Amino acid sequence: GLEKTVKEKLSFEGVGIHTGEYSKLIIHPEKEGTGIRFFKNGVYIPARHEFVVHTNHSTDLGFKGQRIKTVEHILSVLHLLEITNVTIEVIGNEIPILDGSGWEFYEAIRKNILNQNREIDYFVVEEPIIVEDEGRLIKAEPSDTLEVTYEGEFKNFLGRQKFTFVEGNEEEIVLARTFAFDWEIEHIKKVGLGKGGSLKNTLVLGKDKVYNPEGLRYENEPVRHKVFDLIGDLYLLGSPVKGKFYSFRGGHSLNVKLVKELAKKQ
């Protein structure tokens, strides 16, 4: 595929799910070979694993004293659409969560794709690799196409379910929203997070209930969202990825661990 950028400046704004603060984004077009990077208060922060500073409840990046929280959703959308050159200027401390999914980003960016004059330099998984952590596991192996499977084992009515993304089915995961369990709320709040969370940007589930009046968009919306999250973290490899991935109960921490190990080997 050919490298891509946006045809013109795109802007988004809204509350940040963790800071609870209002922020604004301005997606700037960039020429070939620029890569994906954020910009805040005069500092460019590459969307690469070396700049990850936090992975609890979100993937946060930082460099030279400037930090940006929750980059996983905008990065997933960029990855899915193969946007390889853009600057995400952030006026605030976190990416707006919007409705909790990548839908608004996906729709706006998709109709503004600009093909460029360079073949994409994909990060190709060359050999099988496995990372584990307290029951959690993620396996990566060679594949010409990007394939991502997430299998969850929830302690509520969701039980055990899995979902597989394959190229061409981007629309099956871009609407899946961020979710949380009611028994986790006190913890999240206690650690200074989730300050902007609400039923408008978060699917809140109980042992046997669904608090959102709109209910779930899909019976497996949570695992579709986990797949979406993983694809966003995978872009931290520095360029569109080609490989087959399987994640069992994975989260941002394990995702980043996998990325660093993959980067190290190749």
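Residue positions are given as counts along the sequence shown, with the first one as 1.
The question of which stretch, 222 to 230 or 31 to 39, has the higher mean Cα B factor is settled in favour of 31 to 39. Once the C-alpha B-factors are averaged per stretch, 237 to 245 and 203 to 211 rank with 203 to 211 first. Comparing the C-alpha B-factors of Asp99, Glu94, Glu151, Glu171 in the entry, the top value falls on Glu171.
Among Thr87, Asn112, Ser76, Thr178, the highest C-alpha B-factor recorded in the PDB entry belongs to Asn112.
Placement of the Cα temperature factor of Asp121 within the chain: highest third of the modelled residues, per the deposited record. Annotation for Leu216: CA B-factor lies in the middle third of the chain's modelled residues. The PDB entry assigns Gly196 a C-alpha temperature factor belonging to the lowest third of its chain's modelled residues. Among the modelled residues of the chain, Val256 sits in the lowest third by CA temperature factor in this PDB entry.
In this PDB entry, the Cα temperature factor of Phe163 sits in the bottom third of its chain's modelled residues, the lowest group.
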